[PDB]
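Here's the structure we're looking at; comments come further down.
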Amino acid sequence: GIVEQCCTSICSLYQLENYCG
Amino acid sequence: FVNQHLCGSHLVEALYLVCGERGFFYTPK
């Protein structure tokens, strides 16, 4: 999920936009 | 500001800024 990709590892704009509506 | 470790409320704040009017879903699991 988002925590494993953006909190326990370094986030990216691509990853964040995966969760927009 | 998004290429760092973002945890807790900081991650949710990042989604808010990036997604804007599109909204977002936050699922820490």
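Residue numbers (my numbering), protein chains in the order written: chain A, 61 to 81; chain B, -11 to 17. Heads up, the beta-carbon is just placed ideally off N, CA and C, and yes, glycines get one too.
Spatial distance of residue -2/B from residue 11/B (CA atoms): 16 Å
Within chain A, the residues that residue 14/B reaches when beta carbons sit closer than 9 Å: 62, 79
Backbone secondary structure at residue 80/A - three-state DSSP: Strand, per DSSP.
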